[PDB]
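K.L.:
For reference, the structure I am asking about is given below.
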Protein chains: 2
Amino acid sequence: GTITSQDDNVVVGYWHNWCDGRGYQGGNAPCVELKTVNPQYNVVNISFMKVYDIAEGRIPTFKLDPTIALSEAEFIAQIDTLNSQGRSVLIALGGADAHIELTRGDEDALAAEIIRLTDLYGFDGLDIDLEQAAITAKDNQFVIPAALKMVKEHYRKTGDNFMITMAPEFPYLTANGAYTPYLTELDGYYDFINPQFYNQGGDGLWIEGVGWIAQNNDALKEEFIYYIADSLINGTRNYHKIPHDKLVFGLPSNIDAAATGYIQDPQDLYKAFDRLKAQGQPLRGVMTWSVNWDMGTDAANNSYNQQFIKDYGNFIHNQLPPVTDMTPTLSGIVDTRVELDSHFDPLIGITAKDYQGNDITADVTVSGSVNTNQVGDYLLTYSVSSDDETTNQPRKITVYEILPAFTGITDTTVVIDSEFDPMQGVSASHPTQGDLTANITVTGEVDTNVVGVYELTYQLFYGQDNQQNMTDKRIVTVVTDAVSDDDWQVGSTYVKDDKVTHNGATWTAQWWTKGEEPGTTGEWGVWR
Amino acid sequence: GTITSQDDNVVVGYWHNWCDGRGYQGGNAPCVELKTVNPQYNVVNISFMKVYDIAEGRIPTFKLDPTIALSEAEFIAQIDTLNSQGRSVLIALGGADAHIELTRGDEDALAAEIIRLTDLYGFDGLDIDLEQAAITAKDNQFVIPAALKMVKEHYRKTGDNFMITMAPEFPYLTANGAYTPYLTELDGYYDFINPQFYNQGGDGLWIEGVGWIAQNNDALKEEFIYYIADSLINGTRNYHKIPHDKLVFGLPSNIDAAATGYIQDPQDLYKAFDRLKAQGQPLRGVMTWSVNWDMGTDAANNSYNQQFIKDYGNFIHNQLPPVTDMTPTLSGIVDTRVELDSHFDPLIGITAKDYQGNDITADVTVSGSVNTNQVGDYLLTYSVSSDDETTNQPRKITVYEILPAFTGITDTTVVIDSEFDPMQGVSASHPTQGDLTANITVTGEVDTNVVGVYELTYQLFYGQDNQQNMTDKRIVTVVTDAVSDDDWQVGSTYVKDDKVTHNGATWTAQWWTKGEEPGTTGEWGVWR
Ligand SMILES: CC(=O)N[C@H]1[C@H](O[C@H]2[C@H](O)[C@H]3[NH+]=C(C)O[C@H]3O[C@@H]2CO)O[C@H](CO)[C@@H](O)[C@@H]1O
Ligand SMILES: CC(=O)N[C@H]1[C@H](O[C@H]2[C@H](O)[C@H]3[NH+]=C(C)O[C@H]3O[C@@H]2CO)O[C@H](CO)[C@@H](O)[C@@H]1O
Ligand code: NA
Ligand code: NA
């Protein structure tokens with residue numbers, strides 16, 4: 001077959017390149033010939049392209065499991081058959097223990113190996129299905145989008161749509177989440193995303209009238225499907241936007257296919273989906289792990305007998321064809337903090353694209369304006385238009401100031417007659433304005449010829465025309481060097497003519513004393 | 001002691017109500033007397049208040065472990081000591097296997113039990129530390145905030161600040177995440193949040209110039225601390241805003257305290273924190289699991305010897321006192337989709353508060369306006385001001401329309417001379433406008449007296465003044481009932497005078513024939 005792409009809704013099914021996988025609930029998933037896969041699965045993802053031997057290098061490849069009982073040529077033939085029925089067969093990159101850890105540079109090698117495998121086997125496109133660890137290892141986040149841009153472009157040059165899809169676990173689709181770069185860089189190259197809405201247990205989202213809606217809540221499945229898809233297709237509730245024409249809802253086929261997330265009652269999905277249609281945003285399909293599980297058996301060796309395609313095939317296929325959301329996208333708009341009087345440029349870091357990925361960054365315009373010279377908030381509003389759609393998006397700019405700091409204004413003690421320089425070891429700074437030492441004034445003086453405590457007020461005058469002030473204080477204590485009589489202690493014993501210092505004066509004991517405070521013994525007592 | 005609350009920065013330390021807990025790396029955490037806890041830990045959280053016997057009911061309580069070798073009275077005494085040093089001792093609600101699953105109604109009982117325990121033991125406040133499962137079980141999300149509002153108010157009535165803190169794992173602090181209701185309902189009641197920035201492995205966030213910054217990345221710890229705190233304190237990058245005066249950074253004390261997130265090199269934290277100060281948003285502190293781990297031993301039975309308070313005590317305590325961010329908050333602003341011509345009110349669902357939790361919803365104002373009657377986007381901007389601060393926040397309103405649907409316009413076959421009603425079983429609908437059947441017109445007619453195929457065009461005219469149209473087509477085929485000669489098949493054998501129907505006519509075989517098409521045998525062949 002040629003490159004066979006899908007225009008209408010999809011029911012995507014993954015296909016195990018292995019036999020007899022064990023189910024979360026004791027069941028079994030046999031390998032199955034491609035040709036035996038129910039026809040209503042119009043996208044069949046071959047699982048998985050990975051690194052098979054670290055010895056062959058870092059570029060992952062695909063090696064058919066011979067134990068499946070298909071020769072190379074026979075597999076090529078069954079792919080051919082699927083392609084003549086108008087169905088697509090994708091190569092699925094990743095899965096559990098992928099060993100995919102790419103380094104910048106590798107993008108050309110990956111691209112070539114993807115083209116080789118697509119030509120050899122007759123694949124119609126590639127599904128990015130990276131396991132948790134691999135989403136972010138080394139430079140995957142750069143290499144895999146780079147590679148795929150080249151594959152897409154290569155097949156475009158011969159008039160074909162090489163399909164790109166992606167199956168991220170739904171909690172990576174938040175606004176700054178780990179799948180960000182895949183979605184961003186492949187914007188306008190990808191055909192649809194099939195997020196996995198299973199295996200995340202209690203993860204989910206808060207919705208005001210209803211509360212917490214968990215992926216593992218069988219009582220609220222309709223709400224789960226409805227709200228999480230509504231969130232994605234509008235890019236609300238802290239999720240990256242996936243237009244609805246491009247959103248396919250990934251589920252397990254039964255309780256053996258995944259730990260959690262199987263839909264017990266299909267109606268929840270019909271109703272959820274219908275509610276999305278009733279707001280003018282019909283989804284593009286369902287996806288499932290996996291056709292093998294749908295043809296598999298439970299732990300009593302009862303066959304599941306295609307229950308999933310039974311519940312959803314007709315439902316998804318008997319829907320109007322998708323209508324493409326042509327809203328363009330903005331990018332790099334983060335609320336920002338600028339220091340008072342700094343230079344700020346509102347376009348730097350902003351970019352934009354049409355719905356096909358073309359850079360339309362030139363077309364961006366901005367409403368409102370900021371005064372770097374006046375502390376406070378300022379609100380801007382970016383806009384870009386393409387193909388008679390318009391996206392806007394707003395941005396908060398907050399001008400703030402910083403206080404300077406003093407240094408060396410520490411209480412200090414000095415000796416009589418020494419020289420004292422009240423700016424010795426003293427300075428002031430600010431991150432913008434730099435060295436402020438010349439902007440400090442000193443109130444008060446120290447007389448180092450005269451024992452005593454001297455209070456200095458330091459003032460720093462900063463800002464524009466020096467009209468902002470801060471104040472610190474310091475105590476400079478001038479002390480005599482001249483040695484004198486030891487202080488009186490209540491514990492010592494003193495004798496006639498012993499002398500002591502106490503409370504500023506020098507006393508002479510008139511006779512034997514212990515524990516009598518000098519100054520407290522009156523006109524004719526022991527201390528004089 | 002009285003109720004002892006903290007005004008300045010904090011170094012919070014959790015205290016195990018158990019002995020000899022085992023470390024993630026084989027080490028050991030002994031129980032320790034409160035009095036032995038390093039003084040620079042000025043908030044000590046007693047761990048944990050939970051449900052000890054499902055038999056006593058659903059309200060959790062606190063039961064001191066006697067094996068720690070403190071009597072009830074002696075524990076009260078050591079709490080007293082901490083309180084006379086100006087340090088706070090909090091009761092920590094939750095932890096691993098809390099068994100806390102509350103039902104609406106329970107809020108009064110919980111509140112009373114919290115007051116009883118605070119009075120009995122001398123606690124200065126409560127830390128909400130719910131384990132994953134408990135964040136969202138039953139109605140905790142409602143009961144625990146309700147209860148705590150009453151506790152806070154009760155102690156306010158005697159002039160005391162009963163402190164409320166919370167230690168959510170950092171990935172629940174996204175904009176619509178599971179901790180949403182705690183933060184929201186207790187807004188202005190809580191003293192500080194100490195998120196846990198450990199045990200989440202690869203979770204983290206995307207930052208444009210740097211890429212993916214993981215909590216388990218020891219090469220990027222400075223960036224992790226800086227960016228995640230910057231995100232929280234400004235409420236950017238899909239995180240709920242925690243003002244910086246109220247953000248304390250929770251860490252493990254060593255490699256035995258948690259699976260991941262220990263800071264190998266303290267400098268990363270000093271620098272991260274300093275960068276936050278350099279933007280005018282110094283944090284309020286650090287928190288740690290746990291003082292026991294800080295006094296514990298590793299698996300070689302080497303004592304950790306207070307390494308954590310050694311790395312961070314002086315650092316956090318020698319900082320200027322917190323300056324309170326008085327920005328008010330808006331609430332319930334979600335971008336929204338309204339159908340063409342529906343009534344839409346821009347205040348419904350919006351609310352606001354000052355920085356102390358007072359409802360200032362009356363004070364909200366709104367800029368810009370929406371035309372429910374014209375399909376398209378419209379952008380609004382809410383604002384509220386209190387205590388000379390102003391928050392703004394924008395909202396996108398998208399007016400859209402929906403196409404009607406036809407029903408009963410199915411190709412149909414009828415019998416000669418029957419009555420035929422082209423509106424029988426036909427109708428049209430729209431979700432707003434309802435029954436559109438009267439708005440359908442039919443172009444073309446059926447003549448049921450005359451065999452043939454009849455094409456009808458149905459038109460639905462909808463919308464304001466009926467100026468929008470859609471079209472479907474139907475084929476009505478009138479067929480004779482009158483039985484005739486069997487069709488010719490290429491496989492049968494026919495004989496002189498046999499008759500057949502083929503291509504509209506009736507033929508008579510002139511002699512023996514098999515496989516000759518009537519009409520193809522010329523002037524003098526077998527069929528005439
Ligand atoms: C139950 C089962 O089939 N487990 C196999 C496993 O499946 C996971 C798959 O790798 C991921 N990709 C998609 C799409 O769904 C994801 O979750 C599935 C778990 O329910 O994959 C393993 C190979 O990667 C295989 O060995 C398991 O048998
Ligand atoms: C290593 C260890 O001390 N494990 C104990 C455990 O600690 C977790 C704690 O419950 C949570 N609350 C905060 C705050 O940090 C969280 O993570 C800690 C794990 O590093 O708590 C158990 C009781 O709940 C205890 O049995 C473990 O010994
Ligand atoms: Na093909
Ligand atoms: Na107290």
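Residue numbers start at 1 in each chain; chains themselves are named A, B, ... in the order of the structure tokens; ligands are numbered from 1 in the order shown.
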I need the chain A residues near chain B as a list in words; criterion: at most 7 Å, counting only C-alpha atoms.

P.N.:
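Close enough to count are residues 136, 175, 176, 177, 178, 205, 206, 212, 236, 237, 238, 280, 335 and 402 of chain A.
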
K.L.:
Please find the residues contacting ligand 1 at a distance of at most 8 Å between atoms, with only C-alpha atoms and all ligand atoms counted, and report them as a list in words.

P.N.:
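So, counting only C-alpha atoms and all ligand atoms, the residues near ligand 1 are residues 14, 21, 22, 23, 24, 29, 47, 48, 94, 95, 96, 97, 98, 129, 130, 131, 167, 196, 198, 199, 252, 256, 257, 258, 259, 288, 289, 290 and 293 of chain A.
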
K.L.:
Would you mind writing down, as an MDAnalysis selection string, each residue of segment 286-490 of chain B that DSSP on the backbone assigns to strand (DSSP E)?

P.N.:
chainID B and resid 286:289 329:331 336:339 351:353 365:367 376:386 389:400 405:407 412:415 427:430 434:435 440:443 452:462 468:479

K.L.:
Could I get the residues of chain B with an atom no further than 12 Å from an atom of ligand 4, each paired with its nearest atom pair and that distance in Å to one decimal, using only C-alpha atoms and all ligand atoms, sorted by chain and residue number, as a tab-separated table?

P.N.:
residue	atom	partner	partner_atom_place_in_ligand_line	distance
B:1	CA	ligand 4	1 (Na)	5.0
B:2	CA	ligand 4	1 (Na)	4.7
B:3	CA	ligand 4	1 (Na)	4.1
B:4	CA	ligand 4	1 (Na)	5.2
B:5	CA	ligand 4	1 (Na)	8.4
B:6	CA	ligand 4	1 (Na)	11.6
B:43	CA	ligand 4	1 (Na)	11.3
B:44	CA	ligand 4	1 (Na)	11.5
B:76	CA	ligand 4	1 (Na)	9.6
B:77	CA	ligand 4	1 (Na)	10.8
B:78	CA	ligand 4	1 (Na)	10.9
B:79	CA	ligand 4	1 (Na)	7.2
B:80	CA	ligand 4	1 (Na)	7.0
B:81	CA	ligand 4	1 (Na)	9.7
B:82	CA	ligand 4	1 (Na)	8.6
B:83	CA	ligand 4	1 (Na)	6.0
B:84	CA	ligand 4	1 (Na)	9.1
B:85	CA	ligand 4	1 (Na)	11.2
B:86	CA	ligand 4	1 (Na)	9.6
B:87	CA	ligand 4	1 (Na)	8.8
B:88	CA	ligand 4	1 (Na)	6.8
B:89	CA	ligand 4	1 (Na)	6.8
B:90	CA	ligand 4	1 (Na)	8.5
B:91	CA	ligand 4	1 (Na)	10.7
B:115	CA	ligand 4	1 (Na)	11.8
B:117	CA	ligand 4	1 (Na)	10.8
B:118	CA	ligand 4	1 (Na)	7.4
B:119	CA	ligand 4	1 (Na)	8.1
B:120	CA	ligand 4	1 (Na)	9.7
B:121	CA	ligand 4	1 (Na)	7.6
B:122	CA	ligand 4	1 (Na)	4.0
B:123	CA	ligand 4	1 (Na)	4.5
B:124	CA	ligand 4	1 (Na)	4.3
B:125	CA	ligand 4	1 (Na)	8.0
B:126	CA	ligand 4	1 (Na)	11.3
B:155	CA	ligand 4	1 (Na)	11.6
B:160	CA	ligand 4	1 (Na)	10.1
B:161	CA	ligand 4	1 (Na)	10.4
B:162	CA	ligand 4	1 (Na)	9.0
B:163	CA	ligand 4	1 (Na)	10.3

K.L.:
Write the residues of the selection above to a file with N, CA and C atoms, as a tab-separated table (two decimals), in the first residue's frame.

P.N.:
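The resulting file, again-v3.tsv, is shown below:
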chain	number	residue	atom	x	y	z
B	1	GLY	N	2.10	26.84	78.89
B	1	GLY	CA	2.18	28.06	78.02
B	1	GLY	C	0.83	28.48	77.42
B	2	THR	N	0.78	29.72	76.92
B	2	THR	CA	-0.36	30.23	76.16
B	2	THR	C	-0.23	29.77	74.69
B	3	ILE	N	-1.08	30.32	73.79
B	3	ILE	CA	-0.92	30.05	72.37
B	3	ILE	C	0.23	30.85	71.80
B	4	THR	N	1.29	30.15	71.39
B	4	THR	CA	2.56	30.75	70.99
B	4	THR	C	2.72	30.66	69.44
B	5	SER	N	2.56	31.78	68.73
B	5	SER	CA	2.59	31.82	67.27
B	5	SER	C	3.88	32.47	66.73
B	6	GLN	N	4.24	32.22	65.48
B	6	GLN	CA	5.51	32.75	64.96
B	6	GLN	C	5.33	33.96	64.05
B	43	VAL	N	9.38	25.77	65.07
B	43	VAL	CA	8.04	25.16	64.95
B	43	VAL	C	8.30	23.67	64.95
B	44	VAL	N	7.66	22.96	65.86
B	44	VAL	CA	7.86	21.54	65.98
B	44	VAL	C	6.49	20.93	65.83
B	76	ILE	N	3.30	17.31	78.30
B	76	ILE	CA	2.74	18.65	78.53
B	76	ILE	C	3.83	19.62	79.05
B	77	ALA	N	4.70	19.12	79.93
B	77	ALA	CA	5.76	19.98	80.50
B	77	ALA	C	6.81	20.40	79.44
B	78	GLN	N	7.26	19.45	78.64
B	78	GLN	CA	8.22	19.81	77.62
B	78	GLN	C	7.62	20.75	76.58
B	79	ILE	N	6.32	20.63	76.29
B	79	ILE	CA	5.65	21.54	75.36
B	79	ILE	C	5.70	22.91	75.98
B	80	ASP	N	5.28	23.01	77.24
B	80	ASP	CA	5.45	24.21	78.05
B	80	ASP	C	6.83	24.87	77.97
B	81	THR	N	7.86	24.05	78.02
B	81	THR	CA	9.20	24.60	77.94
B	81	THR	C	9.37	25.23	76.57
B	82	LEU	N	8.96	24.51	75.54
B	82	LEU	CA	9.22	25.03	74.21
B	82	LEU	C	8.50	26.36	74.12
B	83	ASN	N	7.29	26.43	74.67
B	83	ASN	CA	6.48	27.63	74.59
B	83	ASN	C	7.12	28.76	75.37
B	84	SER	N	7.81	28.48	76.47
B	84	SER	CA	8.47	29.59	77.16
B	84	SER	C	9.73	30.05	76.41
B	85	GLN	N	10.29	29.25	75.52
B	85	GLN	CA	11.37	29.77	74.71
B	85	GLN	C	10.81	30.55	73.50
B	86	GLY	N	9.51	30.71	73.41
B	86	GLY	CA	8.95	31.41	72.27
B	86	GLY	C	8.80	30.49	71.04
B	87	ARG	N	8.86	29.17	71.22
B	87	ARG	CA	8.72	28.23	70.11
B	87	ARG	C	7.33	27.60	70.11
B	88	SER	N	6.87	27.17	68.94
B	88	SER	CA	5.49	26.71	68.71
B	88	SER	C	5.48	25.21	68.53
B	89	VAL	N	4.45	24.55	69.05
B	89	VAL	CA	4.31	23.15	68.85
B	89	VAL	C	2.96	22.87	68.28
B	90	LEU	N	2.96	22.27	67.09
B	90	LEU	CA	1.75	22.12	66.30
B	90	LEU	C	1.32	20.66	66.32
B	91	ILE	N	0.02	20.40	66.19
B	91	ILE	CA	-0.39	19.05	65.97
B	91	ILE	C	-0.57	18.77	64.49
B	115	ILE	N	-9.95	21.36	69.69
B	115	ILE	CA	-9.90	22.31	70.82
B	115	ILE	C	-9.53	21.61	72.11
B	117	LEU	N	-7.75	18.82	72.39
B	117	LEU	CA	-6.36	18.40	72.36
B	117	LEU	C	-5.41	19.60	72.55
B	118	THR	N	-5.76	20.76	71.98
B	118	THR	CA	-4.97	22.01	72.08
B	118	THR	C	-4.92	22.58	73.50
B	119	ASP	N	-6.08	22.55	74.14
B	119	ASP	CA	-6.19	22.87	75.56
B	119	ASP	C	-5.45	21.88	76.44
B	120	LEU	N	-5.70	20.60	76.26
B	120	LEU	CA	-5.02	19.60	77.08
B	120	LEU	C	-3.49	19.70	76.97
B	121	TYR	N	-2.97	19.75	75.75
B	121	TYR	CA	-1.53	19.52	75.56
B	121	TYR	C	-0.75	20.79	75.43
B	122	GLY	N	-1.46	21.84	75.03
B	122	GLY	CA	-0.86	23.13	74.89
B	122	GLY	C	-0.37	23.40	73.47
B	123	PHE	N	-1.06	22.85	72.46
B	123	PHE	CA	-0.65	23.00	71.09
B	123	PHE	C	-1.00	24.44	70.64
B	124	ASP	N	-0.24	24.92	69.68
B	124	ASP	CA	-0.27	26.28	69.28
B	124	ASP	C	-0.95	26.39	67.92
B	125	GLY	N	-1.38	25.25	67.38
B	125	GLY	CA	-1.90	25.21	66.03
B	125	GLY	C	-1.79	23.84	65.42
B	126	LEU	N	-2.30	23.71	64.20
B	126	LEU	CA	-2.46	22.43	63.47
B	126	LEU	C	-1.94	22.55	62.01
B	155	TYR	N	-10.42	30.62	68.99
B	155	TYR	CA	-9.23	31.11	69.66
B	155	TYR	C	-9.03	32.58	69.36
B	160	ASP	N	-6.15	35.02	70.62
B	160	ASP	CA	-5.01	34.18	70.22
B	160	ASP	C	-5.03	33.79	68.74
B	161	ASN	N	-3.85	33.71	68.13
B	161	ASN	CA	-3.68	33.10	66.80
B	161	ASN	C	-3.44	31.57	66.88
B	162	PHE	N	-4.49	30.77	66.79
B	162	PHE	CA	-4.30	29.32	66.56
B	162	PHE	C	-3.72	29.18	65.14
B	163	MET	N	-2.50	28.64	65.03
B	163	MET	CA	-1.84	28.61	63.74
B	163	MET	C	-2.41	27.47	62.92

K.L.:
Report the distance between atom CA of residue 164 of chain B and atom CA of residue 93 of chain B in Å, rounded to one decimal place.

P.N.:
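So the answer is 10.8 Å.
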
K.L.:
Find the spatial neighbours of residue 69 of chain B, counting only C-alpha atoms, within a cut-off of 12 Å - ignore same-chain residues fewer than 2 positions away - and output them as a list in words.

P.N.:
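That gives residues 17, 18, 19, 31, 32, 33, 34, 64, 65, 66, 67, 71, 72, 73, 74 and 75 of chain B.
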
K.L.:
What's around segment 475-478 of chain A at 8 Å? Count only C-alpha atoms, leave out sequence neighbours fewer than 6 positions away in its own chain, and write the answer as a ChimeraX atom specification.

P.N.:
/A:410-416,446,448,450-456

K.L.:
Excluding residue 250 of chain A and any residue of its chain fewer than 4 positions from it, enumerate the residues within 10 Å of it, using only C-alpha atoms, and give them as a ChimeraX atom specification.

P.N.:
/A:11-13,167-170,193-198,261-262,285-289

K.L.:
Limited to N, CA, C and O atoms, could you put the picked residues into a file as a short mmCIF file (atom, residue, chain, number, x, y, z; two decimals), in the first residue's frame?

P.N.:
data_model
loop_
_atom_site.label_atom_id
_atom_site.label_comp_id
_atom_site.auth_asym_id
_atom_site.auth_seq_id
_atom_site.Cartn_x
_atom_site.Cartn_y
_atom_site.Cartn_z
N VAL A 11 -11.03 4.89 15.60
CA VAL A 11 -11.04 3.99 16.74
C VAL A 11 -9.67 3.35 16.60
O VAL A 11 -9.44 2.61 15.63
N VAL A 12 -8.76 3.72 17.51
CA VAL A 12 -7.34 3.35 17.41
C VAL A 12 -7.17 2.13 18.30
O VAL A 12 -7.77 2.07 19.39
N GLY A 13 -6.41 1.15 17.86
CA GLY A 13 -6.19 -0.05 18.68
C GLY A 13 -4.71 -0.37 18.63
O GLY A 13 -4.12 -0.35 17.51
N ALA A 167 0.33 9.34 22.53
CA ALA A 167 -0.44 8.78 23.64
C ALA A 167 0.12 9.12 25.05
O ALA A 167 0.38 8.21 25.82
N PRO A 168 0.28 10.40 25.40
CA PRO A 168 0.72 10.83 26.77
C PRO A 168 -0.27 10.48 27.84
O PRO A 168 -1.46 10.61 27.61
N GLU A 169 0.23 10.01 28.99
CA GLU A 169 -0.62 9.79 30.16
C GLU A 169 -1.20 11.15 30.50
O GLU A 169 -0.45 12.15 30.44
N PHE A 170 -2.53 11.23 30.76
CA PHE A 170 -3.21 12.55 30.84
C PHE A 170 -2.64 13.58 31.81
O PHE A 170 -2.72 14.76 31.50
N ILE A 193 -4.06 13.50 19.05
CA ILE A 193 -3.41 13.04 20.25
C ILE A 193 -4.37 12.06 20.82
O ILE A 193 -5.56 12.36 20.94
N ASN A 194 -3.87 10.90 21.21
CA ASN A 194 -4.67 10.03 22.03
C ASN A 194 -4.18 9.87 23.49
O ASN A 194 -3.54 8.86 23.86
N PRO A 195 -4.57 10.78 24.36
CA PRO A 195 -4.07 10.63 25.71
C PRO A 195 -4.52 9.36 26.36
O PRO A 195 -5.64 8.92 26.09
N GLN A 196 -3.67 8.77 27.21
CA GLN A 196 -4.09 7.68 28.07
C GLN A 196 -4.84 8.22 29.34
O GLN A 196 -4.26 8.87 30.18
N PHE A 197 -6.12 7.89 29.47
CA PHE A 197 -6.94 8.19 30.64
C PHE A 197 -7.16 6.95 31.46
O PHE A 197 -8.30 6.65 31.84
N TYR A 198 -6.06 6.24 31.73
CA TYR A 198 -6.08 5.13 32.63
C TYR A 198 -4.72 5.02 33.34
O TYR A 198 -3.79 5.78 33.03
N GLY A 261 -9.21 2.67 35.18
CA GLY A 261 -9.68 3.56 34.12
C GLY A 261 -10.61 2.92 33.11
O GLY A 261 -11.18 3.63 32.28
N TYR A 262 -10.78 1.59 33.17
CA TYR A 262 -11.76 0.92 32.32
C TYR A 262 -13.14 1.50 32.60
O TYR A 262 -13.48 1.84 33.75
N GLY A 285 -12.53 10.69 18.44
CA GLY A 285 -12.49 9.20 18.52
C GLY A 285 -12.25 8.62 19.86
O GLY A 285 -12.28 9.34 20.83
N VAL A 286 -12.05 7.29 19.92
CA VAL A 286 -11.51 6.64 21.08
C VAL A 286 -10.28 5.84 20.67
O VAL A 286 -10.12 5.50 19.50
N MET A 287 -9.40 5.58 21.63
CA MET A 287 -8.24 4.75 21.43
C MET A 287 -8.28 3.64 22.47
O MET A 287 -8.94 3.78 23.53
N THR A 288 -7.63 2.53 22.21
CA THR A 288 -7.61 1.51 23.31
C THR A 288 -6.37 0.70 23.36
O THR A 288 -5.82 0.33 22.30
N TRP A 289 -5.95 0.42 24.60
CA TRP A 289 -4.96 -0.60 24.88
C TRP A 289 -5.82 -1.77 25.26
O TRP A 289 -6.46 -1.70 26.31
#

K.L.:
Applying 9 Å and only C-alpha atoms, which residues near segment 463-471 of chain A remain after dropping the ones on its own chain fewer than 4 positions away? List them as a ChimeraX atom specification.

P.N.:
/A:403-404,433,439,457-459

K.L.:
Restricting the output to C-alpha atoms, write the selected residues as a PDB file, in the first residue's frame.

P.N.:
ATOM      1  CA  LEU A 403      15.431  48.282  49.023  1.00  0.00           C
ATOM      2  CA  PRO A 404      19.212  48.890  49.214  1.00  0.00           C
ATOM      3  CA  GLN A 433      21.928  51.336  40.993  1.00  0.00           C
ATOM      4  CA  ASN A 439      24.888  58.646  49.030  1.00  0.00           C
ATOM      5  CA  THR A 457      22.456  58.148  62.598  1.00  0.00           C
ATOM      6  CA  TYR A 458      23.362  56.918  59.059  1.00  0.00           C
ATOM      7  CA  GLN A 459      21.081  57.915  56.235  1.00  0.00           C
TER       8      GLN A 459
END

K.L.:
Would you list the contacts of residue 270 of chain B as a compact mmCIF listing (two decimals) with N, CA, C and O atoms, in the first residue's frame, taking every protein, DNA or RNA residue within 10 Å and counting only C-alpha atoms, but skipping same-chain residues closer than 2 positions in sequence?

P.N.:
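This is the output file selection_6.txt:
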# COMPACT_ATOMS: atom_id res chain seq x y z
N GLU B 222 19.32 24.09 42.28
CA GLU B 222 19.14 25.53 42.41
C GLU B 222 18.00 25.91 41.53
O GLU B 222 17.12 26.62 41.97
N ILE B 225 14.54 24.78 42.91
CA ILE B 225 14.04 25.47 44.07
C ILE B 225 13.58 26.81 43.54
O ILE B 225 12.45 27.25 43.82
N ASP B 265 23.83 19.67 48.05
CA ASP B 265 24.71 20.80 48.23
C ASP B 265 23.88 22.03 48.61
O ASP B 265 23.18 22.60 47.78
N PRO B 266 23.98 22.44 49.89
CA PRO B 266 23.19 23.47 50.51
C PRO B 266 23.25 24.78 49.78
O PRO B 266 22.34 25.55 49.82
N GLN B 267 24.35 25.03 49.10
CA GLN B 267 24.55 26.24 48.36
C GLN B 267 23.39 26.40 47.37
O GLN B 267 22.92 27.51 47.12
N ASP B 268 22.94 25.29 46.79
CA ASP B 268 21.87 25.42 45.80
C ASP B 268 20.71 26.10 46.41
O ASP B 268 20.16 27.03 45.78
N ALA B 272 19.29 29.86 45.43
CA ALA B 272 17.90 29.88 45.05
C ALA B 272 17.18 30.89 45.91
O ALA B 272 16.64 31.92 45.39
N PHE B 273 17.23 30.67 47.23
CA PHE B 273 16.59 31.65 48.15
C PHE B 273 17.03 33.11 47.93
O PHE B 273 16.26 34.00 48.10
N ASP B 274 18.30 33.34 47.65
CA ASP B 274 18.81 34.68 47.51
C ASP B 274 18.27 35.31 46.25
O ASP B 274 18.06 36.55 46.17
N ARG B 275 18.07 34.47 45.24
CA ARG B 275 17.56 34.97 43.99
C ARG B 275 16.14 35.42 44.18
O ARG B 275 15.71 36.45 43.60
N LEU B 276 15.40 34.69 45.00
CA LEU B 276 14.04 35.09 45.36
C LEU B 276 14.04 36.43 46.13
O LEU B 276 13.27 37.35 45.81
N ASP B 311 23.08 23.00 58.25
CA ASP B 311 23.19 23.68 56.92
C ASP B 311 22.25 24.92 56.79
O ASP B 311 22.60 25.87 56.07
N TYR B 312 21.10 24.91 57.48
CA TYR B 312 20.05 25.91 57.18
C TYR B 312 19.52 26.81 58.31
O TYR B 312 18.93 27.86 58.03
N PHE B 315 20.99 30.26 58.32
CA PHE B 315 20.65 30.89 57.08
C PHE B 315 19.26 31.49 57.06
O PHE B 315 19.09 32.58 56.60
N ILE B 316 18.28 30.70 57.46
CA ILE B 316 16.90 31.10 57.54
C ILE B 316 16.69 32.11 58.68
O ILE B 316 16.01 33.11 58.51

K.L.:
As an exercise, work out the distance from atom CA of residue 25 of chain B to atom CA of residue 221 of chain B in Å and give it to one decimal place.

P.N.:
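These atoms are spaced 20.8 Å apart.
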